[PDB]
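Trainee: Input file: model_38.cif. Contents: mmCIF, C-alpha atoms.
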```
data_input
loop_
_atom_site.label_atom_id
_atom_site.label_comp_id
_atom_site.auth_asym_id
_atom_site.auth_seq_id
_atom_site.Cartn_x
_atom_site.Cartn_y
_atom_site.Cartn_z
CA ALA A 1333 83.49 -151.57 123.83
CA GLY A 1334 86.99 -152.88 124.52
CA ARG A 1335 86.57 -156.09 122.53
CA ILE A 1336 85.26 -154.36 119.41
CA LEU A 1337 87.91 -151.63 119.61
CA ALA A 1338 90.70 -154.22 119.65
CA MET A 1339 88.89 -156.08 116.87
CA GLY A 1340 88.59 -152.95 114.74
CA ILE A 1341 92.23 -151.95 115.15
CA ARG A 1342 93.36 -155.50 114.35
CA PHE A 1343 91.57 -155.53 110.97
CA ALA A 1344 92.52 -151.95 110.16
CA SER A 1345 92.20 -150.92 106.47
CA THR A 1346 92.37 -154.54 105.25
CA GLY A 1347 88.57 -154.65 104.82
CA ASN A 1348 86.24 -157.63 105.23
CA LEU A 1349 82.58 -158.60 104.90
CA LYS A 1350 81.68 -160.61 108.01
CA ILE A 1351 83.17 -157.99 110.34
CA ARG A 1352 81.36 -155.24 108.45
CA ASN A 1353 78.07 -157.17 108.63
CA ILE A 1354 78.48 -157.89 112.35
CA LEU A 1355 79.12 -154.22 113.07
CA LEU A 1356 76.18 -153.31 110.84
CA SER A 1357 73.94 -155.57 112.92
CA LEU A 1358 75.42 -154.17 116.14
CA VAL A 1359 75.02 -150.54 115.06
CA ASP A 1360 71.47 -151.17 113.82
CA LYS A 1361 70.61 -152.72 117.19
CA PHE A 1362 72.32 -150.08 119.32
CA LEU A 1363 71.32 -146.99 117.28
CA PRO A 1364 67.71 -146.46 118.51
CA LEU A 1365 68.63 -146.36 122.21
CA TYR A 1366 71.14 -143.60 121.54
CA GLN A 1367 70.60 -140.27 123.34
CA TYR A 1368 67.11 -141.06 124.68
CA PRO A 1369 66.35 -139.28 127.99
CA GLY A 1370 62.95 -140.90 128.41
CA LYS A 1371 62.76 -141.56 132.15
CA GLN A 1372 65.13 -139.05 133.78
CA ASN A 1373 66.77 -141.34 136.33
CA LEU A 1374 70.42 -141.17 137.35
CA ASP A 1375 70.96 -144.91 136.97
CA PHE A 1376 69.28 -144.86 133.56
CA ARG A 1377 71.10 -141.66 132.55
CA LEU A 1378 74.52 -143.10 133.43
CA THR A 1379 73.77 -146.34 131.57
CA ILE A 1380 72.65 -144.51 128.43
CA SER A 1381 75.70 -142.24 128.60
CA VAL A 1382 77.67 -145.48 128.44
CA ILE A 1383 75.41 -146.33 125.49
CA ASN A 1384 76.50 -143.09 123.83
CA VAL A 1385 80.13 -144.03 124.43
CA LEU A 1386 79.47 -147.56 123.13
CA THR A 1387 77.77 -146.37 119.94
CA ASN A 1388 80.55 -143.85 119.35
CA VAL A 1389 83.03 -146.74 119.62
CA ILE A 1390 81.08 -149.01 117.24
CA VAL A 1391 80.86 -146.34 114.53
CA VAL A 1392 84.56 -145.49 114.86
CA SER A 1393 85.57 -149.17 114.83
CA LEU A 1394 83.31 -149.85 111.84
CA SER A 1395 84.98 -146.93 110.07
CA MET A 1396 88.42 -148.25 111.06
CA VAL A 1397 87.93 -151.69 109.50
CA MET A 1398 86.44 -150.20 106.31
CA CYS A 1399 88.82 -147.26 105.96
CA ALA A 1400 89.44 -145.61 102.57
CA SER A 1401 86.74 -147.66 100.78
CA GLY A 1402 83.85 -145.17 100.61
CA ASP A 1403 81.32 -147.76 101.74
CA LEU A 1404 77.59 -147.01 101.59
CA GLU A 1405 76.05 -148.42 104.78
CA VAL A 1406 78.90 -147.21 107.00
CA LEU A 1407 78.31 -143.77 105.47
CA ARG A 1408 74.61 -144.28 106.13
CA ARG A 1409 75.19 -144.92 109.81
CA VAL A 1410 77.80 -142.15 110.26
CA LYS A 1411 75.55 -139.66 108.46
CA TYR A 1412 72.72 -140.38 110.89
CA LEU A 1413 74.96 -140.05 113.94
CA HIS A 1414 76.19 -136.74 112.53
CA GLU A 1415 72.81 -135.14 111.86
CA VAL A 1416 70.00 -134.64 114.44
CA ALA A 1417 71.15 -133.40 117.85
CA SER A 1418 68.31 -135.21 119.69
CA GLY A 1419 68.83 -135.07 123.48
CA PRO A 1420 66.36 -133.54 125.96
CA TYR A 1421 65.36 -130.73 123.60
CA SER A 1422 63.54 -131.21 120.29
CA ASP A 1423 61.62 -134.44 119.66
CA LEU A 1424 62.48 -138.12 119.95
CA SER A 1475 70.99 -120.26 140.42
CA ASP A 1476 72.26 -118.83 137.13
CA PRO A 1477 75.65 -120.65 137.28
CA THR A 1478 73.73 -123.84 138.05
CA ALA A 1479 71.77 -123.49 134.81
CA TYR A 1480 75.09 -122.73 133.09
CA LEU A 1481 76.53 -126.04 134.31
CA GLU A 1482 73.33 -127.88 133.35
CA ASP A 1483 73.61 -126.53 129.81
CA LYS A 1484 77.38 -127.10 129.81
CA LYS A 1485 76.96 -130.82 130.50
CA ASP A 1486 74.59 -131.25 127.54
CA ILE A 1487 76.69 -129.15 125.15
CA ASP A 1488 79.80 -131.14 126.08
CA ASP A 1489 77.88 -134.37 125.45
CA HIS A 1490 77.02 -133.07 121.98
CA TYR A 1491 80.66 -132.14 121.39
CA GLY A 1492 81.75 -135.66 122.35
CA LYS A 1493 79.10 -137.20 120.10
CA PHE A 1494 80.26 -135.00 117.19
CA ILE A 1495 83.99 -135.78 117.38
CA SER A 1496 83.32 -139.52 116.98
CA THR A 1497 81.11 -139.21 113.89
CA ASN A 1498 83.52 -136.70 112.34
CA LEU A 1499 86.39 -139.13 112.86
CA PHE B 367 77.29 -116.82 72.20
CA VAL B 368 74.06 -115.25 70.91
CA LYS B 369 73.38 -112.12 73.01
CA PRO B 370 75.51 -109.65 70.97
CA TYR B 371 73.32 -110.47 67.97
CA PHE B 372 70.34 -109.54 70.16
CA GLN B 373 71.86 -106.17 71.06
CA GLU B 374 72.52 -105.71 67.33
CA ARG B 375 68.78 -105.57 66.64
CA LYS B 376 67.11 -102.41 67.89
CA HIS B 377 63.39 -103.11 68.33
CA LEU B 378 63.91 -106.33 70.31
CA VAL B 379 63.57 -104.72 73.74
CA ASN B 380 60.25 -102.96 73.13
CA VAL B 381 58.44 -105.90 71.53
CA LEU B 382 59.70 -108.42 74.10
CA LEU B 383 58.53 -106.48 77.17
CA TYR B 384 55.26 -105.93 75.35
CA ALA B 385 55.21 -109.69 74.84
CA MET B 386 56.05 -110.06 78.54
CA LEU B 387 53.04 -107.98 79.58
CA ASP B 388 50.77 -109.41 76.84
CA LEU B 389 49.74 -105.98 75.62
CA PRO B 390 46.92 -105.77 73.06
CA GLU B 391 47.80 -105.32 69.41
CA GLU B 392 46.12 -101.90 69.30
CA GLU B 393 48.71 -100.43 71.67
CA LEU B 394 51.46 -102.16 69.68
CA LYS B 395 50.25 -100.71 66.37
CA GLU B 396 50.05 -97.12 67.67
CA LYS B 397 53.79 -96.40 67.87
CA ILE B 398 55.47 -99.36 66.11
CA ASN B 399 55.92 -98.81 62.37
CA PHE B 400 56.60 -102.41 61.28
CA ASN B 401 54.07 -105.23 61.02
CA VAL B 402 54.07 -107.89 63.74
CA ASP B 403 52.60 -111.35 63.16
CA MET B 404 49.55 -111.80 65.39
CA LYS B 405 49.86 -115.59 65.15
CA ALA B 406 53.46 -115.28 66.35
CA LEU B 407 52.28 -113.03 69.19
CA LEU B 408 49.65 -115.51 70.40
CA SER B 409 52.08 -118.42 70.02
CA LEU B 410 54.75 -116.70 72.11
CA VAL B 411 52.11 -115.73 74.69
CA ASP B 412 51.04 -119.37 74.96
CA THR B 413 54.67 -120.44 75.35
CA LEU B 414 55.22 -117.75 77.99
CA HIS B 415 52.21 -118.88 80.04
CA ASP B 416 53.19 -122.54 79.70
CA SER B 417 53.80 -123.72 83.26
CA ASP B 418 54.85 -127.35 82.74
CA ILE B 419 58.49 -126.40 83.40
CA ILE B 454 51.32 -140.43 116.73
CA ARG B 455 53.91 -137.68 116.47
CA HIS B 456 56.73 -139.18 118.53
CA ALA B 457 56.61 -142.60 116.83
CA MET B 458 56.95 -141.05 113.37
CA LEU B 459 60.15 -139.33 114.40
CA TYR B 460 61.79 -142.63 115.26
CA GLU B 461 60.56 -144.09 111.98
CA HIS B 462 61.36 -140.94 109.95
CA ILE B 463 64.70 -140.44 111.70
CA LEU B 464 65.58 -144.02 110.64
CA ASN B 465 63.87 -143.91 107.23
CA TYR B 466 65.30 -140.55 106.13
CA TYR B 467 68.82 -140.64 107.56
CA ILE B 468 69.73 -144.34 107.22
CA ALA B 469 68.08 -144.97 103.82
CA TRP B 470 70.96 -144.14 101.47
CA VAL B 471 69.36 -142.75 98.35
CA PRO B 472 72.28 -143.68 96.00
CA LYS B 483 79.19 -117.65 87.18
CA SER B 484 76.47 -118.00 89.83
CA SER B 485 73.48 -120.26 89.17
CA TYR B 486 71.72 -118.20 86.46
CA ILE B 487 70.08 -121.45 85.29
CA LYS B 488 66.60 -121.04 86.74
CA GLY C 5 70.59 -166.73 122.96
CA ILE C 6 73.17 -164.24 121.72
CA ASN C 7 70.50 -162.12 120.03
CA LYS C 8 68.18 -162.25 123.05
CA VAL C 9 70.84 -161.17 125.55
CA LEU C 10 71.71 -158.29 123.21
CA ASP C 11 68.02 -157.36 123.16
CA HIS C 12 67.95 -157.49 126.96
CA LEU C 13 71.12 -155.39 126.96
CA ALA C 14 69.71 -153.07 124.26
CA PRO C 15 65.90 -152.98 124.30
CA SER C 16 65.07 -150.88 121.24
CA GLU C 17 61.27 -150.75 121.06
CA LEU C 18 60.51 -152.11 124.54
CA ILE C 19 61.68 -149.18 126.66
CA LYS C 20 60.78 -145.86 124.97
CA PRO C 21 57.12 -145.14 125.87
CA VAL C 22 56.39 -141.73 124.33
CA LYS C 23 59.60 -139.70 124.73
CA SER C 24 57.81 -136.79 126.41
CA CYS C 25 59.93 -135.87 129.41
CA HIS C 26 59.33 -132.40 130.83
CA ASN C 27 63.10 -132.05 131.54
CA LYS C 28 62.82 -129.57 134.33
CA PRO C 29 64.94 -130.28 137.42
CA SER C 30 62.73 -131.46 140.29
CA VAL C 31 62.63 -129.29 143.41
CA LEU C 32 62.38 -130.66 146.96
CA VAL C 33 60.48 -128.77 149.67
CA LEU C 34 62.33 -128.61 153.01
CA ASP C 35 59.94 -126.46 155.07
CA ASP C 36 59.12 -127.67 158.59
CA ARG C 37 55.80 -125.87 159.21
CA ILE C 38 53.61 -128.42 157.37
CA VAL C 39 53.07 -131.93 158.75
CA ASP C 40 52.95 -134.75 156.19
CA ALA C 41 53.93 -138.40 156.05
CA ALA C 42 56.56 -137.85 153.33
CA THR C 43 58.16 -134.87 155.09
CA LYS C 44 58.26 -136.80 158.38
CA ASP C 45 60.20 -139.51 156.55
CA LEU C 46 62.82 -136.99 155.37
CA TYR C 47 62.65 -134.62 158.37
CA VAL C 48 63.51 -136.32 161.66
CA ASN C 49 63.68 -133.79 164.50
CA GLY C 50 59.97 -132.96 164.30
#
```
Here is the file; what I need is its structure written in the form of structure tokens.
Mentor:
Amino acid sequence: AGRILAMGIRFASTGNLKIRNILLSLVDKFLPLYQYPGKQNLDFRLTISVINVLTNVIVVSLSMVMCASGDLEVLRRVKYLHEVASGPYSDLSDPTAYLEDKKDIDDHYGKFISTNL
Amino acid sequence: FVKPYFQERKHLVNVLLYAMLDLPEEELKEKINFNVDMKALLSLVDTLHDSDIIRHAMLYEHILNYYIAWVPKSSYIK
Amino acid sequence: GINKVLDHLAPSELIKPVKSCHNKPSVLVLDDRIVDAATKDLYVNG
């Protein structure tokens, strides 16, 4: 995450092809794992939350390097991250339930700010 | 551009709804005092009736195939 | 090597079996009237 963020800011708005292709390969590789609560384990859940952070960073960095160009594949990736909530619901003690729902809704909010940016 | 010319003619409303409902010529001829072309009636009727105008793995494939495959005065235009 | 370590880091098709978690939070029984091997492991005093 740190290396690609520095890399994206360095080549900000100047555009390039190799960097765009590398990020395209990285985002294609990292996209399927995103927001997949398959085996509900705390170790796995923490790692895939880091995956959510990592994929948010790759999309933002890919957008940063290709700013103001109206590229197609970057739009393709950011569209997909935007649509489909995924998560535990859909397909892929009252205050306690409130906090359980609050954690998921905040995760969705964090996922949405990145794709909107 | 053309509607005011339609409101200019008087008998347009009656004949057109009768064309809409495909009424028989006998009912038309009872209270309408001007001849109507039967061939025109059948032709417009034909034009009016012209009507030429395994579940979790598909979500990964259709989430990828549908969201990452870039396909490059009111409406009143139905 | 670079691609394979990325695949190990990010297994795309290898991990996800069916994506059919029940998602309910698991509940632990703490009662001390029933004798079982698992409860004896977690309950010490007897």
Trainee: Here's the selection I'm unsure about, the PyMOL selection byres ((chain C) within 9 of (chain B)); applied to the file above, which residues does it give, as a PyMOL selection string?
Mentor: chain C and resi 22-24
Trainee: Quick one: which residues from chain C are at most 9 Å off chain A, using all atoms listed in the file, as a ChimeraX atom specification?
Mentor: /C:10-11,14-17,19-27
Trainee: Starting from the PyMOL selection byres ((chain A) within 10 of (chain B)), expand the selection into actual residues of this file and give them as a list in words.
Mentor: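 Checking the PyMOL selection byres ((chain A) within 10 of (chain B)) against this file, the residues are residues 1360, 1363, 1364, 1404, 1405, 1406, 1407, 1408, 1409, 1410, 1411, 1412, 1413, 1414, 1415, 1416, 1423 and 1424 of chain A.
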Trainee: Store the residues picked out above in a file with C-alpha atoms, as a PDB file, keeping the file's coordinate frame.
Mentor:
```pdb
ATOM      1  CA  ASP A1360      71.470-151.170 113.820  1.00  0.00           C
ATOM      2  CA  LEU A1363      71.320-146.990 117.280  1.00  0.00           C
ATOM      3  CA  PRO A1364      67.710-146.460 118.510  1.00  0.00           C
ATOM      4  CA  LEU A1404      77.590-147.010 101.590  1.00  0.00           C
ATOM      5  CA  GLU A1405      76.050-148.420 104.780  1.00  0.00           C
ATOM      6  CA  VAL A1406      78.900-147.210 107.000  1.00  0.00           C
ATOM      7  CA  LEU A1407      78.310-143.770 105.470  1.00  0.00           C
ATOM      8  CA  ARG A1408      74.610-144.280 106.130  1.00  0.00           C
ATOM      9  CA  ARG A1409      75.190-144.920 109.810  1.00  0.00           C
ATOM     10  CA  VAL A1410      77.800-142.150 110.260  1.00  0.00           C
ATOM     11  CA  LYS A1411      75.550-139.660 108.460  1.00  0.00           C
ATOM     12  CA  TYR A1412      72.720-140.380 110.890  1.00  0.00           C
ATOM     13  CA  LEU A1413      74.960-140.050 113.940  1.00  0.00           C
ATOM     14  CA  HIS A1414      76.190-136.740 112.530  1.00  0.00           C
ATOM     15  CA  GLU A1415      72.810-135.140 111.860  1.00  0.00           C
ATOM     16  CA  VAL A1416      70.000-134.640 114.440  1.00  0.00           C
ATOM     17  CA  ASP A1423      61.620-134.440 119.660  1.00  0.00           C
ATOM     18  CA  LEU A1424      62.480-138.120 119.950  1.00  0.00           C
TER      19      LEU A1424
END
```
Trainee: Check the smallest atom-to-atom distance from each of A:1336, A:1367, A:1478, A:1375 to residue 1354 (chain A) using all atoms listed in the file, then report the winner.
Mentor: A:1336
Trainee: Can you give me, as a ChimeraX atom specification, the residues this file yields under the PyMOL selection byres ((chain C and resi 32) around 12)?
Mentor: /C:29-31,33-35,42-43,46
Trainee: For residue 411 (chain B), find every residue with an atom within 10 Å (counting only C-alpha atoms), except residues of its own chain fewer than 6 positions away, and show them as a ChimeraX atom specification.
Mentor: /B:385-388,405
Trainee: Just the number, please: distance in Å from CA of residue 381 (chain B) to CA of residue 368 (chain B), one decimal.
Mentor: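 Computing it gives 18.2 Å between the two atoms.
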Trainee: What does the distance between CA of residue 1402 (chain A) and CA of residue 1342 (chain A) come to in Å, to one decimal place?
Mentor: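 Going from CA of residue 1402 (chain A) over to CA of residue 1342 (chain A) covers 19.6 Å.
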Trainee: Just to confirm, what's the straight-line distance from CA of residue 1400 (chain A) to CA of residue 1343 (chain A) in Å (one decimal)?
Mentor: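 Calculated distance between CA of residue 1400 (chain A) and CA of residue 1343 (chain A) is 13.2 Å.
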Trainee: Counting only C-alpha atoms, write as a list in words all protein and nucleic acid residues lying at most 10 Å from (59.2, -103.2, 68.1) in the file's frame.
Mentor: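 Residues found, by chain and rising number: residues 375, 376, 377, 378, 379, 380, 381, 382, 383, 384, 394, 395, 397, 398, 399, 400, 401 and 402 of chain B.
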Trainee: Enclose region 471-487 of chain B, meaning all of its atoms listed in the file, in a box aligned along x, y and z, pad it by 8 Å on each side, and list the centre and edge lengths in Å to one decimal, as lines of an AutoDock Vina configuration file.
Mentor:
```
center_x = 74.3
center_y = -130.7
center_z = 91.8
size_x = 25.8
size_y = 42.0
size_z = 29.1
```
Trainee: A:1417, A:1338, A:1359, A:1349: which is nearest residue 1486 (chain A), counting all atoms listed in the file?
Mentor: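 Of the candidates, the smallest distance to residue 1486 (chain A) is held by A:1417.
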